[PDB]
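>
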Amino acid sequence: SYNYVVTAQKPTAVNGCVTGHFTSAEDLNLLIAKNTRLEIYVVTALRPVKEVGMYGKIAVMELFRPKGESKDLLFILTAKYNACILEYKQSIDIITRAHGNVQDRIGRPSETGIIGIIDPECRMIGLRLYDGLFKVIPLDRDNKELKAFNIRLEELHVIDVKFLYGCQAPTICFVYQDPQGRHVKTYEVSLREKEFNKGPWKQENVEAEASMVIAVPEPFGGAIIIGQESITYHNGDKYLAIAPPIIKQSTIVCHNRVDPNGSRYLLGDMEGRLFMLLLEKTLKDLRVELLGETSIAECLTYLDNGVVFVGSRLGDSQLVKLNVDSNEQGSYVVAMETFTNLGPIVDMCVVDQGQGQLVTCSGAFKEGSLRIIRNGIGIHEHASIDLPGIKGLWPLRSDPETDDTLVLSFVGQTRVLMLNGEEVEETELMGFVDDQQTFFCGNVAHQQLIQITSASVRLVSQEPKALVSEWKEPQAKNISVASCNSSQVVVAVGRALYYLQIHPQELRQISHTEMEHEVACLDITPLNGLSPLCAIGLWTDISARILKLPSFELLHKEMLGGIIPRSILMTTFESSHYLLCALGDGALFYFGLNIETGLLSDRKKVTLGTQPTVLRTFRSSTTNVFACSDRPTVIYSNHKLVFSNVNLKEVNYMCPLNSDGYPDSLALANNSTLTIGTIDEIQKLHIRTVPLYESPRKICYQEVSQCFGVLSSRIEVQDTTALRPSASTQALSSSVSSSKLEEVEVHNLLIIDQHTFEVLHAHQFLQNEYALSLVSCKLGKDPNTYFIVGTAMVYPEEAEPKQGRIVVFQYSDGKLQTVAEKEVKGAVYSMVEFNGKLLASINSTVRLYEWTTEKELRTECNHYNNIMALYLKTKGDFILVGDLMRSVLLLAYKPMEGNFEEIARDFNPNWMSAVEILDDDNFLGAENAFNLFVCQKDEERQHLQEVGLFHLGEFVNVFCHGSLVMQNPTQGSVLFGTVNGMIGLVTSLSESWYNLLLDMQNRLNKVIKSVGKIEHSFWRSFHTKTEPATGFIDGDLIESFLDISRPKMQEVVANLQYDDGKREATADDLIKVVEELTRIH
Amino acid sequence: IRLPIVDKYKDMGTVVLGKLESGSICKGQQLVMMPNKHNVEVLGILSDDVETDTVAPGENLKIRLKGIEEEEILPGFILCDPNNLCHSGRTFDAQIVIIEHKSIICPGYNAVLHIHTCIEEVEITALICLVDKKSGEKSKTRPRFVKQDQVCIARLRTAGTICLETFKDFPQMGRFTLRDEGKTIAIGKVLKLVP
Amino acid sequence: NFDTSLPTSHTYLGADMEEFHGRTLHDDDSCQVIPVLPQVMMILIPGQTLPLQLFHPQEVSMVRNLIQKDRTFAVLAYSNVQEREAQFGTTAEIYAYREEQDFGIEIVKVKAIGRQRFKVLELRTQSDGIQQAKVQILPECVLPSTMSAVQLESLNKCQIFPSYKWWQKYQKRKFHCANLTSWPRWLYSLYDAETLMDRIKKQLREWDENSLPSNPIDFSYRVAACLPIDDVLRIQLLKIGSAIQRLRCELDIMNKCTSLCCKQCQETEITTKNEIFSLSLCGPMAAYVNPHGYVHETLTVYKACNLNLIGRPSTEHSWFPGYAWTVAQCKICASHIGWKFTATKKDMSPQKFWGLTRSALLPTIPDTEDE
Ligand SMILES: O=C1CC[C@H](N2Cc3cc(C(=O)O)c(F)cc3C2=O)C(=O)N1
Ligand SMILES: [Zn+2]
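Protein chains in written order, with the numbering used here: chain A, 1 to 1081; chain B, 1082 to 1276; chain C, 1277 to 1647.
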């Protein structure tokens, strides 16, 4: 099997943050580490510079200033033990000075995990890699190349290690535990000889749970020791110990120095509560003061002016102003900027009637939140105005430059708004008729204006304004359709049409024809000065026509089958000329046009909605297309037209604007409101943020009641009264399953409305009940759609779960009914819609219920497995069963028995975190060390083969089928969520293309620069055992063929054989290919 | 105490040989010498080369006897403590795992019986039971012929006279080998002494 | 009560032998050649002590030699229907050896011990009857903490800890990052080594008076000698590499398989879970040898239904010193099940008990529901 991967949304979680001078010794930088990514900022009163992708999970990040260098240097160590030092060049290039893989052969990693540290002198990096070995990289210019040495530790259990400021020879200091208790010890590093030499000080037993060791600058020197109850300072034979009650209720995990002096220190809480520490001055005492709640801080970084960057993995990352004068609101901290964070992606689902968007459980505890994620074009609303019934809109230029004038139409009327900055205003425009429905206006040649009404084509003056020449139907009927430019007008009347020219003080007639049937849509847009062709669409012939000017001779009559054309256009994208033809039923035929020859051909037909659609050109600086319908639609272009949805509820009409108040902008009108703003340049992902203040845990969509069912968990203390209001102590309707007849976890099925994102209903499961599964489904033959939950019963005395429930619900009118139950003798891990039957995992079993008329669950069929049926997915008759030990099991219901039957199985001991079915034969899944793998179906058939491994780098929680682009190369799709907040995708390639897109990769790696000089074919090699990936294709590489310069392309495509009925390759053949692969998210 | 008698060399007064299997044997210690009941006095021990006037078990002795019987002692007699001394007679019952045979030993068989030192001719008179050597199932019925591999308890009458022990009551003394035409044909233990 | 150390040093055999404190493992995945005696059927668990008496010369010739070198021999897991399709097996190291020419026939005793499981590649037959074995070794697959991958990089410092509330202060502090996963604290525990053993420890304490390994790999292989399972089952245990996977598919067994029926007629109860108990330190069941070259993985249970007796109490070659055996069998089908042990002294505990050989038992799950 041959697949393809790609990141839709880059990971969001913050591994680490550090202040320093790295772009410039003048400048001051925050450096953020988002797992595989590395962000650099610049401090102001932030401003970005460069974000760059490692081939590694950044495992340590530290800036440090070696002697005799212009600016601090960055050190990155990764998760496959890759090391490197970096420098910033200014065009901009981050440049690997030093590099290497410091992987030892023998060792088991430390339980405390990787602790990299540099000494304040710039002598050595200190990597407490394996248990009982302090690795040292010495900072001479001979160590350029990977070269290091270990030292022996007596001690195995090392909690925390840090170098000590203010010593004449490098000094490490660390806590360590043994059956004699936790002690803090110091060694002096003996670089020359390669060992430790008895250190200055050592204390006996510190606090029981003391886990942190700060090393304080050289006004004071020495170290601080944090724990649960006690912060304890130590230098030489000084000893400070306070046990403040103001840190009793939780733990200290992250910290940072505020001011270099080292008087002030940030201290964050496992439950957010940001604290400051004080060192009173030499050293005398300590003080801690509440600062306030932060987002649950993973790491902390004080810039200046009392502002702090709080990084977090759970929730949104912040920038927090902290005054010295506390408000009576509460305390001393104020939120300035919310950095979105799809923090722990735990479940997700796909929604909506086309394309589709994405909704996630996201974050945890107080940060916990749904996220709505949608793939379209944004618009920054400058001006909204309650103004109804706008049936036409045009801009105007009242003085020759910059528009200043908006003309509006309503049934049998017109009006005019004059623009003066950020203030729209009524106006009259002499020589315009304010009491007939305008069909077109705008500027024209010879310094003039042209209104066009149902009645009159009215050429006007710009210098003292006034009608100068008017056109009318010879017999004096109504104009039905009207299409103009700078010069030529072509108005229609029912079943025949006219051709005007603009002169000064004179419109002038020319060509009067007679058509087959009554016309509906016209366009004349030009491709030199004046347009010698014309677009037509007929009412009965339902036919897009292209006509010659003066003559009105035919040339191609591509007859679409049918409903009536609703607009038509000729515009240009990049450097090829097209004709579009938007219909009422809302389709959009889009053709390839020949100015010179006149021919159409190479048709494509797409649909944009069941609303009639309105085609409008515009600039923002290439020539786009704004279509109007139910689903707004911008079109552009790289030589394949790209239809992208727009983030707004229907737009009926729009126009370009370019005023002295709203430049390069866009005025747009829905049934009720006029909107003027500026559009963004290319479609991104946009994210809607739904604060819960409790942890979500599952999600699903009941279409037929436009609502989300969501399982969730708050936290409460014992008498059971909570901490805060959450999304389960404040719903409209609020139910329960039982009455009043240290922490504790309360489970709730929430109900949520897919428009409002309020909490309609918040059911509350039993005491000591655990909500495992959730699902929305129709069952048996019955038109009701229920919200089924499965539970398990969690007593702490009992080590397995002995009982649980499969609780059907229903959502009807304004209430949440408790329909049925089934008590079950264990745990309902997973349930799933299967052939109109409920199919559930319970402990070690797969049970199949039918839904009887009486409105209950009867057990059709039973099947016991060996694996704890934790995972379950299905397609057709087939069932896939997973356990946390990567043991996989394919089952098939066979109707003609009424029994399950084992088709296939595979058991290779490893941790699993989800699985999926891609098709009948193959099975995606995320085994240990942030990996992917795929098994394949095809006596000895009951063995699922290994046919693909890859090193993802992200902790997958959930796979679900779906896309983030319209309906419509690839086969299939599979999104995936992630702990790092990343969202990815998967899809099978055909064989032909796997070939090239592997061949391709090799090539690009030679040319492409790796952040730390880490080879691509290692990074994406599977890890624990270790092998190089097969059966996958890092798209996130393929794509990066477009961000390289034109020489380097040629380089890449040097010697290939491109597949079409087959010859030497160009860059322009792969450009094509790689773009056809940026269009699956 | 006990001492098998391997051979009697006629020097000074009289001597003998054998591995001292039970009980320490003092200088001038009054002992008995069996299948004839005879009194004797210890004169000279010649343990291996050396002479230690005492000598404990597991040591090779050349004992210099003084009694009535000076020669007319054979290999297949022993030396005994006069209190709880040695059984003898000429009938006994024995578990007998048969080890080599081309067909079927079958009641009224004629073989030699190598006991400790004694070498005398013997007949298995009748066989009692068989054994499923898996478990030690004491056979339900009476066998009528035992084969190779196969275990059987059975009753032997040596045509002359022995001086047995029961295995358990005594190990080394009980263990014995039937031996036809040279090939060991069974090894056996002796359970019970019939009159 | 007697001493729980005497049975496991197999004092029935022969006073003192010539021990070998020596080591000799083969680094993992290694493609070695090993020899396998004829006759010895049995699936041999590591850690488990296998005594043996070997009669024929071909056997002795093989043994007497394997004393100068490895002292390790192989033992082939047979499923009977395989038919020379012995696919797995175990390395049995001779930690003891005495031979004696003084009976009037060549005899050998040993005491082996399993060392490494392994895969059979090819089996080659020297015409002496003994086999040699082309054999890949199996390693031990040992997964790191579930919560490794997903641990929080500031909550690494309190991954380490210095009556059963301690377990509620273990799970909440160990699997805290469960939240980050698709699953809760209490699930990750059902797959957590430390916890698993401790649940098995409770199931060996009802067997009474216990000490034993810290490394689960060894804990797994240990407890597997105590489980009185049939042939084909015993295997799945061996094959299952992971300790976790093993520890689990042990606890599924202790808990479910309550009834030990007779393996001939199939539905004839003989004893229950309740009535097993540790006599030996190695547990209730261990492997003892009889005086003809047979083995009896045999179980120490207080009482037992549906047994005759035959013969009378004998203390010949009693594995248990101071007890005395009488042959037992099925009332129904008459086939052998074990031996009834009777005391001699009147100041010993289990005044009576039943030793039952494994080759005669069949663990069953009650009811006809889940069965
Ligand atoms: O503690 C024990 C239990 C009994 C078991 N026994 C004794 C035994 C004797 C004989 C024999 O014929 O002497 C035999 F053939 C088989 C066995 C047998 O299985 C044992 O080994 N010791
Ligand atoms: Zn039976």
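Virtual Cβ for every residue (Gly too), placed ideally from N, Cα, C.
Since A:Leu996 is in the alpha helix (DSSP H), which residue starts that stretch and which ends it?
Counting along the chain, the alpha helix (DSSP H) containing A:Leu996 begins and ends at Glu991 to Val1007.
> For ligand 1, is there a heavy atom less than 7 Å away from the beta-carbon of B:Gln1231?
False, no ligand heavy atom lies under 7 Å from that Cβ.
> Starting from C:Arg1400, follow its DSSP beta bridges and name the residues at the other end.
Partner(s): C:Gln1408.
> Tell me which residues share the same chain as C:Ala1562 and place their Cβ nearer than 8 Å to its Cβ, disregarding the 5 neighbours each side in the sequence.
The residues are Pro1283, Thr1284, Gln1324, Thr1325, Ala1501, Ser1556, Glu1573 and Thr1574.
> Near A:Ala45, which residues of its chain fall below 8 Å by C-beta distance, leaving aside the five closest residues on each side in sequence?
Cβ within range, chain order: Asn305.
> Have a look at A:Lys1013, A:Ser398 and A:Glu854 and flag the residue whose alpha-carbon is nearest the alpha-carbon of A:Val444.
Nearest option by C-alpha distance: A:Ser398.
> Is B:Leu1274 helix, strand or coil when you go by DSSP?
In the structure shown, B:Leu1274 sits in a strand (DSSP, three-state: E or B).
> Here's a check: name, in chain order, each residue in its chain whose Cβ is nearer than 6 Å to the Cβ of A:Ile85, leaving out the five neighbours to either side.
For A:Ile85, where only same-chain residues beyond five positions count, the Cβ hits under 6 Å are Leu73, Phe75, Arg97 and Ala98.
> At a threshold of 7 Å, does C:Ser1535 count as lining ligand 2 (C-beta to nearest heavy atom)?
No, Cβ of C:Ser1535 sits at least 7 Å from all heavy atoms of ligand 2.
> So, using beta-carbon positions, are B:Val1271 and B:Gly1255 closer together than 8 Å?
Yes, they are a contact pair.
> Going by the DSSP bridge assignment, what does A:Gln817 pair with across the sheet?
Paired residue(s): A:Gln810.
> Run the CB neighbour count on A:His747, radius 10 Å, all protein chains shown included, and call it buried at 16 or more, exposed below.
Buried, since its Cβ has 16 or more Cβ neighbours within 10 Å.
> I'd like to know if B:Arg1256 contacts chain C, where contact means its C-beta is closer than 8 Å to some C-beta of that chain.
Closer than 8 Å: yes.
> Does the Cβ of C:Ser1611 lie closer than 7 Å to at least one heavy atom of ligand 4?
Of the ligands one can find in the structure shown, namely ligand 1 and ligand 2, none is ligand 4.
> If we call anything under 8 Å between Cβ atoms a contact, is A:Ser567 one with A:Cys534?
Contact: no.
> Going by DSSP in three states, C:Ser1430 sits in which element: helix, strand or coil?
Coil.
> Quick one: any contact between the segment 998-1015 of chain A and the segment 357-374 of chain A, if contact means 3 or more CB pairs under 8 Å?
Short answer: they don't touch.
> Return the chain-ordered list of same chain residues with a C-beta closer than 8 Å to the C-beta of B:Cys1161, the five sequence neighbours on each side being excluded.
For B:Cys1161, where only same-chain residues beyond five positions count, the Cβ hits under 8 Å are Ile1082, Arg1083, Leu1112, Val1113, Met1114, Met1115 and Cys1167.
> Out of A:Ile137, A:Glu62 and A:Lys57, which has the shortest C-alpha to C-alpha gap to A:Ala13?
Ranking A:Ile137, A:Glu62 and A:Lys57 by Cα distance to A:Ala13 puts A:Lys57 first.
> Output needed in chain order: residues of the segment 900-931 of chain A with a Cβ under 8 Å from some Cβ in chain C.
So the close ones are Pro909, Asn910, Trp911, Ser913, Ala914, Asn928, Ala929 and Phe930.
> Closer than 7 Å to a non-hydrogen atom of ligand 1 - does that hold for the CB of C:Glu1592?
Checking the Cβ of C:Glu1592 against ligand 1 gives yes.
> Do the segment 1179-1188 of chain B and the segment 1225-1237 of chain B make contact, defined as three or more Cβ pairs closer than 8 Å?
At 8 Å Cβ cutoff, the stretches touch.
> Considering only DSSP beta bridges, list what A:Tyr893 is partnered with.
DSSP output for A:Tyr893 lists A:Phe900 as bridge partner(s).
> Are the C-beta atoms of A:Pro796 and some chain C residue less than 8 Å apart?
It does; some Cβ of chain C falls within 8 Å.
> Would you list the residues sitting across from A:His951 in a DSSP beta bridge?
Answer is A:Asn931, bridged to A:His951.
> Decide if C:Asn1550 is buried, meaning its Cβ has at least 16 other Cβ atoms within 10 Å, or exposed.
Classification of C:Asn1550: exposed, given that the 10 Å Cβ count is below 16.
> Locate the alpha helix (DSSP H) running through C:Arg1524, then write down its first and last residues.
Taken as a continuous stretch (DSSP letters only), the alpha helix (DSSP H) holding C:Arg1524 covers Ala1519 to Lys1532.
> Say yes only if the C-beta of C:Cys1581 is nearer than 7 Å to one or more non-hydrogen atoms of ligand 2, and no if none qualify.
Outside the cutoff, so no.
> Tell me, please, whether the CB atom of C:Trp1462 is closer than 8 Å to any CB atom in chain A?
Yes - at least one Cβ of chain A is within 8 Å of the one on C:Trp1462.
> Does the distance from the C-beta atom of A:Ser263 to that of A:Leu278 stay below 8 Å?
The answer is yes: Cβ separation under 8 Å.
> According to DSSP, simplified to helix, strand and coil, what is A:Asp919?
In this structure, A:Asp919 counts as strand in the three-state DSSP scheme.
> For a test of the three-state rule: what should DSSP assign to A:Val18, helix, strand or coil?
Looking at A:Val18 - three-state DSSP - the assignment turns out to be strand.
> In chain order, what residues of the segment 1567-1580 of chain C put their CB closer than 7 Å to some CB of chain B?
The segment 1567-1580 of chain C vs chain B, Cβ under 7 Å: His1568 and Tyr1570.
> Which same chain residues, not among the five before or five after C:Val1339, have their C-beta less than 7 Å away from its C-beta?
Closer than 7 Å at Cβ, skipping near neighbours: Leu1330, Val1384 and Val1386.
> Nearest chain B C-beta to C:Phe1379 closer than 8 Å, yes or no?
With 8 Å as the cut-off, C:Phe1379 counts as an interface residue toward chain B.
> Could you say which of C:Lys1579, C:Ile1381 and C:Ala1409 lies nearest to C:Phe1394 if we only look at CA atoms?
Cα-wise, what sits closest to C:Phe1394 is C:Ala1409.
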